[PDB]
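Protein chains in written order, with PDB author numbering: chain A, 2 to 253; chain A', 2 to 253; chain B, 1 to 44, 46 to 251; chain C, 2 to 398. A prime marks a further copy of an entry chain. Okay, so here's the structure we're looking at.
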């Protein structure tokens, strides 16, 4: 068995416990979950209007999942260096170790400062994620379905940029499942598609098209952390890693 | 021995204690450490974009150490009069008296007001300081390593300039050392390099290059104080001083 | 403590392991590994329908798989990746006969939904002078993880709990696999909400670790057989077997 | 309605709750949950099997190594000398420029922390028949610099702490690596992509064949040996920093070579457009936006004197498309302190224009304006695909 230990061959004298730095730094670290609650970058984008968006329109959408979005290096023309360089990040890295999770997520989106416009945010649990592809931010365009617009019944909240340009969301767990998949999701069962993301967050400005131009190419960082209630389940060993300092230099 | 007193030759009648001004000014001063907690200027700069910085990029970096950064008079073309004139400052001056310290630091950075942009701040304990040279503010440029960009695991915080343009940081002590060097640090042991600065703070705007131009040559003051938990250790006598009012006049 | 006294009977004690009418045994002590704590029954939450285990027949052991393991097999070499609930049926279908033919598997022909823990024994008759080793590793919902192909290696599975089988000891590898899945139930057939990946739970898999080694004139190969008890199960969703369809060939 | 004449409180606003904090700290939020006090609940059948915990992970062996151990090995012969750090490696034969690596779980979890300390453990599994017999040291030398990493033998190794083992009946055991350093903790071996501040391991493990294997003729001379790392019971980490590792999920990377040329960041996608300050919009110029003065800005080409250069995209598909895709361009200063990119019909018009501007001729000049592409050509005004690379077509002037 994996954890069996046939025969210890101790040489060590007892070593004093640090209590995980509690002895020194005054704080324990053994509880990985509390570390999990520190926020992490979740995504990044420049706003990019396409159609003359109506106020109804969501500016963009994304699946809301612990695993982290499929990593975005960005284009060769426009690398997102932080993923290009600072690969992945902690929370997904630990997510690598488990096959299931149940619980919530925090986000705390940061809007560009320069704009004043009021900002709404839908949550749509209804949406199924579909394939690990498109586990990512998406810029909605011309309205067709109700997907591209603000929607009624879905829970939502509206930050006022003029008051403040950073919303602090909390995403409830809502699935008719025991608990969701945690590794990268290839899909299979049509039902299985519902069984991953907590749902689908979406964001839209109330700005009219005449004003919307100011908002173009503005940065929008997103963060997240597991929101206390989160619970990973089944252990799984790690997939192979890629060393970061081993990454190539930009080269002169 | 230094503190020995072979033979007192008192003439003095007993003089009433002021209790260090407690008797008059209503407050004691004997406790130097509380004085230490008053804030001091720690650095100063004008922001200076080089490369068309990506949002990932730290705008600049600096070692975080009690001793104070290596003093910056500034260029002959552009003296920073406060160091050119008001040499050093209190906290480093007292730091002169000890060979070790252990504890924390407060900072309270002040950003330029005119900009609206949101501002992030990494802490990187990982970085070793290297030589007393470059114990100073540094403007990071083209990304090569992950040094020049925002990073995941490092603790960080984001002020919103539009809400407020002054962050109020607290830097934890994190070293695998008993306690760090306190005088100017020439380095020696490669390990010794880790044994000084609490780490390395870094700051980056989320502004895109199109907007970043507004931020050019904007002042950024920095402050600091020892954060209560700080503890100096071994006594050391002072190195020779330079009198301030003795400093030369600008001359007409 | 020693003093062997081999008899006509042989010598060593033999463990039993009765279930239903099936009974099977080993000389060696099983190398158990249990991925998870035992499952709660969960019928409470999702079935008005009559719900029943058929332990009298479901609990019988049955030979889902068997194979040679020659020395020729390279170090990190899978010998099998058994999606389990599927392979119990897929194997019978591989025998080219109906699911109804085997007493173990008839209810699936009828019931739509199913839940329940599995048991897997992996017996072997490696000769003592033969040397090698196989790890066995259950992996939930393996199919759902697209990156699994990367992980699917001994270094990977080694990190999670796993049974071991020395060729030398010809050790048996017992293996509890309590039910866990995103949904509480596995359909036995195509279902309005899903079809694909029917009756999957992920897969057991047996990457070779140490390849057989021997004197060149020694017994070149080895054999392995796998049985699967299906204990604390529950069936539900009564239906005509006509609705039932053959498992994907895999 | 009494007046409340008493003095108002006097705070300091800040825009955001702390990020790094994550413990004894209520953290206010705008829950999208309907109930004011609702919380995720775990059904007894959905109960969290796993108490995620540093030790909980660290206490798991991962295979890390596969020594072959032939009969013929000399009694002095080494088998391996991996370092006494959690960050033990196992390279995969990834053909990718970024080769992947297996890690023991303990190494992975260690990677998230600047510092670590305590004992490790190496279970050894000598996959061997009982008839095989042998003996081998698995010593531990504290404080080896790499120069001293060599010079080793089992015998010098014996000078430091070590453990002999006798393969006969039981065919496996578990060595337990000591933690021995001047430092109470120990800095991470690697770090985020940042080579300095990547201190090496305190000490190094060794394993020599103390007594050469003596197999029976009826069994194989070679014997597979496997090495399993695992965090020791004493093992622990402390300070959380950027993990030095990345998932294999997306082993993709982009070098920032400067040789390729393209629009300044935040100025893409760009489209051929018009701009009143430029030829009174009578000629096309790239715009990253529609609102006035959203001209795409461009990095300054370094043209050595006596020459000229003009852009030509390496991909026509990514080119912004007016009446035609704009595969050719000449970047010139706006005169407003930045470099506009001017679409051209072809590499030649761009060339002639370069002959002009690098000839010191002005944009205002007819020679230029004739080469300027007229506003009517804007057509659809399609944006460039992202920020496509532009080949720099240098020519002597």
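The C-beta atom is built at its ideal place from N, Cα and C for all residues, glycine as well.
Rounded to the nearest whole angstrom, the C-alpha separation of residue 177 of chain A and residue 130 of chain A is 14 Å.
At a cut-off of 7 Å between C-beta atoms, residue 209 of chain A' counts as an interface residue with respect to chain C. In chain B, no part has a C-beta under 8 Å from the C-beta of residue 247 of chain A; the shortest such distance is about 18 Å. Only residues of its own chain outside the window of five on either side were considered, and among them 190 have a CB closer than 7 Å to the CB of residue 201 of chain C, listed in chain order. Scanning A':41, A':226, A':194 for the CA closest to the CA of residue 135 of chain A' turns up A':194. Taking a Cβ-Cβ threshold of 8 Å, none of the residues of chain A is close to residue 180 of chain A'; the smallest such distance is about 11 Å.
Short of 6 Å from the beta carbon of residue 386 of chain C, and not among the five residues preceding or following it, lie these beta carbons of its own chain, in chain order: 319.
Annotation: residue 284 of chain C is outside any alpha helix (DSSP H) and is labelled neither H nor E by DSSP. DSSP, read as helix, strand or coil, puts residue 375 of chain C in strand. Note on residue 191 of chain A': under 16 other CB atoms within 10 angstroms of its CB, so exposed under the neighbour-count rule. Chain order gives the chain A residues near residue 150 of chain A' as 82, 83, 86, 87, where near means a beta carbon separation below 8 Å. Under a criterion of Cβ atoms nearer than 7 Å, no residue of chain C is adjacent to residue 58 of chain A'; the nearest Cβ is some 10 Å distant. Excluding residues up to 5 positions away in sequence, 124 lie with their Cβ nearer than 6 Å to the Cβ of residue 156 of chain A in the same chain. By the neighbour-count definition (other C-beta atoms within 10 Å, threshold 16), residue 18 of chain B is an exposed residue. Residue 30 of chain C carries a coil assignment under DSSP once its states are collapsed to helix, strand and coil.
Annotation: the continuous beta strand (DSSP E) that includes residue 64 of chain A' extends over 61 to 64. Each of A:110, A:183, A:171, A:58 was checked against the Cα of residue 43 of chain A, and the nearest Cα belongs to A:110. In this structure, the beta-carbon distance from residue 161 of chain B to residue 238 of chain A falls below 7 Å. For residue 174 of chain A, the closest Cβ of chain C is nearer than 7 Å.
Between residue 181 of chain C and residue 143 of chain C, the gap from beta carbon to beta carbon is short of 7 Å. Under the 10 Å beta carbon count, residue 139 of chain C is surrounded by 16 or more other beta carbons and is classified as buried. One finds 125, 127, 147, 152, 153, 154, 155 in chain A' with Cβ atoms closer than 9 Å to the Cβ of residue 243 of chain C, taken in chain order. The beta carbon of residue 338 of chain C does not come within 7 Å of any beta carbon belonging to chain A', so the residue lies off that interface.
Beta-bridge annotation (DSSP): residue 135 of chain A is not paired with any residue. Residue 61 of chain B sits away from residue 200 of chain B, with the two beta carbons spaced by 7 Å or more. For residue 248 of chain A, same chain residues with a beta-carbon under 8 Å away, outside a window of 5 residues either side, are 86, 88 in chain order. In summary, the residues of the segment 146 to 161 of chain B whose CB is separated from some CB of chain A by less than 9 Å are 146, 147, 148, 149, 151, 152, 154, 156, 157, 158, 159, 160, 161, in the order they occur in the chain. Ranked by Cα distance from residue 164 of chain B, the options B:179, B:184, B:139 are led by B:139. Contact note: residue 118 of chain A does not reach chain C at a C-beta cutoff of 9 Å; the least C-beta distance is about 15 Å. By the criterion of a C-beta distance shorter than 8 Å, residue 360 of chain C is surrounded in its chain by 309, 398, once the five residues flanking it on both sides are discounted. The beta carbon of residue 340 of chain C sits closer than 8 Å to the beta carbons of 298, 299, 300, 301, 332, 333, 334 from its chain, once the five residues preceding and following it are set aside; these are given in chain order. Cβ proximity to chain A below 7 Å picks out nothing from the segment 102 to 129 of chain B. In the three-state reduction of the DSSP assignment, residue 3 of chain A falls in the coil class. According to DSSP, residue 67 of chain B shares a beta bridge with B:226.
Spanning the alpha carbons of residue 23 of chain B and residue 63 of chain B requires a straight line of approximately 10 Å.
Looking at the backbone, the Cα of residue 135 of chain C and that of residue 209 of chain C are separated by about 11 Å.
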